[PDB]
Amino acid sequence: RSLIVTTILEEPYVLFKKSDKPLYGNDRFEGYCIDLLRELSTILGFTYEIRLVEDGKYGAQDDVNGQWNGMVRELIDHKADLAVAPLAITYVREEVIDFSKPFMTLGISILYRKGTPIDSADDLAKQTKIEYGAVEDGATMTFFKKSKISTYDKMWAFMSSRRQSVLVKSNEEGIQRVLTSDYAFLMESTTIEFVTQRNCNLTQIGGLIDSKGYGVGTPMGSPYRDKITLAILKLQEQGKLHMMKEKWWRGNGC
């Protein structure tokens, strides 16, 4: 019962602790997902070693060879026993990996600047002066890539024509793109809440375009999946997931 847990750096889910003296092993990290992993470990009774996903991606399937990358691929390859991260539960992913029930719910929305006349995805879709995109090889990118809704297909045609420019490596790169250029970022609503509380000139535009949840990923057939679902439901009912979110979102900014 010693497990390897894969994750990815993403504020406020997983971040390096700030320390004068270097820290080692799991002690290096903090954040909402680290707190969740600690609780799961206590409830389920396993120890673990946190590994950061080597390719730095959440996970998407290659058009050409059907192969996955990112944390999803780490689970398929058995490089990790669990992925404890803001990993979106999606039908395409469910075909190759298992997820616990969700520990947080959210949807794709738009991060942009306040006071503009952009009010929705439809407003972005119909123009080209304001660029827009998403994190490369993550769920939001895959949503647009596969959607048959005209508005979202129109946005994918745009994003996919300027991929090198608008599809970014991380939420951090997308936030900087928003701050340094005329760009709207398609990102998950939980993360937008965090970002806008720290940059008062930024805001969510429109509502949630879809609805999904984050769950702990496991290789298909893992005995840990059902046990982790049970632990999450218990944490949820006890109010612990709500406290954890307040602790890291610090709804104090702005």
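In case it trips you up, residue 1 is the first one in the sequence shown, and so on.
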When the C-alpha temperature factors are averaged for each of 71-79 and 176-184, which stretch ends up with the higher value in the entry? 176-184
Should the higher mean CA B-factor in the entry be assigned to 205-213 or to 29-37? 205-213
Reading the B-factor column for Cα atoms of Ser147, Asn171, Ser160, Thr140, the highest value belongs to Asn171
Assigned third (lowest, middle, highest) for the C-alpha B factor of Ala60: lowest
Relative to the other modelled residues of the same chain, rank the CA B-factor of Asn199 and answer lowest, middle or highest third. highest
Is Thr128 in the lowest, middle or highest third of its chain when residues are ranked by C-alpha B-factor? highest
Quick check for you: using the entry's CA B-factors within this chain, is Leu23 in the lowest, middle or highest third? highest
Thinking about Cα B factors across the chain, which third does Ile8 belong to? lowest
